[PDB]
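Chemist:
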Amino acid sequence: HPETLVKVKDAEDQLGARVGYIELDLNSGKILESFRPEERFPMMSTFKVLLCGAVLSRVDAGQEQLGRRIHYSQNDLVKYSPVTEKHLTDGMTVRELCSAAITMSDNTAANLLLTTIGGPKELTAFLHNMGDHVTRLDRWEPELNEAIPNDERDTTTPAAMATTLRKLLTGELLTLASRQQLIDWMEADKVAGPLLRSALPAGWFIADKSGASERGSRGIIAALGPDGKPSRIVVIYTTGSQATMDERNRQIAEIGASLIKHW
Numbered sequence: 192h193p194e195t196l197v198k199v200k201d202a203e204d205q206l207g208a209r210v211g212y213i214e215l216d217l218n219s220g221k222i223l224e225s226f227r228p229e230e231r232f233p234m235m236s237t238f239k240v241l242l243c244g245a246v247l248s249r250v251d252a253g254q255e256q257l258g259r260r261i262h263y264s265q266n267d268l269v270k271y272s273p274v275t276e277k278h279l280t281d282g283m284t285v286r287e288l289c290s291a292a293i294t295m296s297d298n299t300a301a302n303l304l305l306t307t308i309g310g311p312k313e314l315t316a317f318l319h320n321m322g323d324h325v326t327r328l329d330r331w332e333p334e335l336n337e338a339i340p341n342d343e344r345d346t347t348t349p350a351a352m353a354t355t356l357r358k359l360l361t362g363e364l365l366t367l368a369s370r371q372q373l374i375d376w377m378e379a380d381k382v383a384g385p386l387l388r389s390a391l392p393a394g395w396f397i398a399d400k401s402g403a404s405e406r407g408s409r410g411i412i413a414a415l416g417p418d419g420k421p422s423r424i425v426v427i428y429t430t431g432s433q434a435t436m437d438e439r440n441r442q443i444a445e446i447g448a449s450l451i452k453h454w
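FYI, the numbering used here numbers position 5 of the sequence shown as 196, with every residue one higher than the one before it.
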């Protein structure tokens, strides 16, 4: 809706950054709204959804088991590993790693999962094989969050990320069970409260994944809709600014509020 585009442009001003935005119909895939859809932005933690999508794909093909238990050591722990740092002794299952990576944005979990599929190259290969010739992952956590301007490593496109998320959640790419597990993990997202969620009214469904950089970049992918069911995909990315974390979030929230109001 035009009033949302106005809010996006207003966000660029308040942020002093570029903002990528796109709304996709969950069922038809039709584009409902967009801004800088073809421009690249660093994915940051939003890639974790794609990662578990790839893990679930292997599970569907009999090449991985959500129940496999993985052991690791102190040397595997990177910054911000709220769950994994609590299991150096007993380890964690692939299932638990995806939960930690998506719902808590655990970085070590993301790396451990990257290791199971063969690293960044493989995630990109996976995306490539399903039709996404745009999105790409090149590095591990935490380096993938550098967000050096114009650097195309670990980046995606609002349009690419949107269509990819949609194929992951509704196509036949993943089995019914995997499709359902992925969205359940996103719906249980615990660290995106001040973003789209703070503008989502009671009764609405939302499954999302957010990301942030040290330079101020911010991102979020989500499937949301009224009446307890998702009916739309929304992708938002920003190029980084010096605005306070609270100010950055507020802008995302206001975009969401406009998205809801003119649903």
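Every residue gets a Cβ at the ideal spot worked out from N, C-alpha and C, and that includes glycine.
Taking C-beta to C-beta, are residue 233 and residue 323 nearer than 9 Å?
Modeler: Residue 233 sits at position 42 when you count from the first residue of the sequence shown. Residue 323 sits at position 132 when you count from the first residue of the sequence shown. Result no, Cβ atoms of residue 233 and residue 323 do not sit closer than 9 Å.
Chemist: Near residue 249, what residues of its chain come up, given a Cβ to Cβ distance below 6 Å and the 5 sequence neighbours on each side ignored?
Modeler: On the sequence shown, residue 249 is found 58 positions in, with the first residue counted as 1. If we look at residue 249 and ignore the five residues flanking it on each side, its Cβ neighbours are 255.
Chemist: Tell me, which residues are paired with residue 283 by DSSP?
Modeler: As a first step, residue 283 is located in the sequence shown; it is residue number 92 there, counting from the start. According to DSSP, residue 283 bridges with 261.
Chemist: Which residues does DSSP list as the beta-bridge partners of residue 402?
Modeler: Sequence index remark: in the sequence shown, residue 402 carries index 211 (1-based). In DSSP, residue 402 forms a bridge with 410.
Chemist: Closer than 7 Å by C-beta to residue 442: which residues in its own chain qualify, once you throw out the five before and the five after it? Chain order, please.
Modeler: Translated into the one-based positions of the sequence shown, residue 442 becomes position 251. So the list reads 202, 205 and 206, once near-sequence residues are dropped.
Chemist: Between residue 451 and residue 392, which are expected to be in contact by the criterion C-beta below 8 Å, what is the C-beta distance as a whole number of angstroms?
Modeler: By 1-based counting over the sequence shown, the position of residue 451 is 260. By 1-based counting over the sequence shown, the position of residue 392 is 201. With a Cβ gap of about 7 Å, residue 451 and residue 392 count as contacting.
Chemist: Using DSSP's beta-bridge definition, name the partner residues of residue 396.
Modeler: For this step, residue 396 is matched to residue 205 along the sequence shown. Answer is 416.
Chemist: By the DSSP assignment, the alpha helix (DSSP H) with residue 354 in it spans what residues?
Modeler: As a working note, residue 354 is residue 163 in the sequence shown. First-last of the alpha helix (DSSP H) with residue 354: 349 to 360.
Chemist: So for residue 236, helix, strand or coil by DSSP?
Modeler: By one-based count along the sequence shown, residue 236 stands at place 45. Helix, per DSSP.
Chemist: What number of angstroms, rounded off, separates the C-alpha of residue 429 from the C-alpha of residue 384?
Modeler: Within the sequence shown, residue 429 is the residue found at index 238, counting from 1. Within the sequence shown, residue 384 is the residue found at index 193, counting from 1. Roughly 18 Å between the two C-alpha positions.
Chemist: Spatial neighbours of residue 409 within its chain, please: C-beta separation below 6 Å, excluding the five flanking residues on both sides.
Modeler: Sequence index remark: in the sequence shown, residue 409 carries index 218 (1-based). These residues qualify, in order along the chain: 403, 429 and 439.
Chemist: So within the segment 416 to 451, which uninterrupted beta strand (DSSP E) runs reach at least 3 residues, ignoring any that extend past its ends?
Modeler: 423 to 430
Chemist: Does DSSP put residue 307 in a helix, a strand or coil?
Modeler: As a working mapping, residue 307 is identified with position 116 in the sequence shown. Looking at residue 307 - three-state DSSP - the assignment turns out to be helix.
Chemist: Among the candidates 331, 365 and 377, whose CA atom is the shortest distance from the CA of residue 246?
Modeler: Counting from 1 along the sequence shown, the entry for residue 246 is found at position 55. It is 365.
Chemist: Taking 9 Å as the threshold (C-beta atoms), are residue 336 and residue 436 in contact?
Modeler: Here residue 436 refers to the residue found at position 245 when the sequence shown is read from its first residue. Here residue 336 refers to the residue found at position 145 when the sequence shown is read from its first residue. It is not a contact, given that the beta carbons lie outside the stated cut-off.
Chemist: Where do the N-terminal and C-terminal ends of the alpha helix (DSSP H) with residue 373 fall, by residue?
Modeler: Here residue 373 is taken as the residue at index 182 of the sequence shown, counted from 1. Looking at the DSSP string, the run of the alpha helix (DSSP H) that includes residue 373 is 367 to 378.
Chemist: Using three-state DSSP, classify residue 293 as helix, strand or coil.
Modeler: As a position in the sequence shown, residue 293 is number 102, starting the count at 1. If DSSP states are grouped into helix, strand and coil, residue 293 belongs with the helices.
Chemist: In three-state DSSP terms, what is residue 322?
Modeler: Taking the first residue of the sequence shown as position 1, residue 322 is located at position 131. Note: residue 322 maps to coil in three-state DSSP.
Chemist: For residue 215, list the residues DSSP reports as bridge partners.
Modeler: Locating residue 215 in the sequence shown gives position 24, counting from the first residue. Paired residue(s): 222 and 424.
Chemist: Does DSSP classify residue 210 as helix, strand or coil?
Modeler: Stepping through the sequence shown from its first residue, residue 210 is reached at position 19. Here residue 210 sits in strand by DSSP.
Chemist: Excluding sequence positions up to five away, which residues of its chain have a Cβ less than 6 Å from the Cβ of residue 417?
Modeler: The residue labelled residue 417 in the question sits at position 226 within the sequence shown. Cβ-Cβ distances below 6 Å link residue 417 to 395 in the same chain, with the five nearest sequence neighbours on each side left out; the list follows chain order.
Chemist: Taking C-alpha atoms, which residue in 239, 302 and 244 lies nearest to residue 362?
Modeler: Along the sequence shown, read from residue 1 onward, the residue named residue 362 stands at position 171. Out of 239, 302 and 244, the CA that lies nearest to the CA of residue 362 is found in 244.
Chemist: Tell me whether the segment 300 to 311 and the segment 269 to 285 touch, counting them as touching only if at least three CB pairs, one residue from each stretch, are closer than 8 Å.
Modeler: yes
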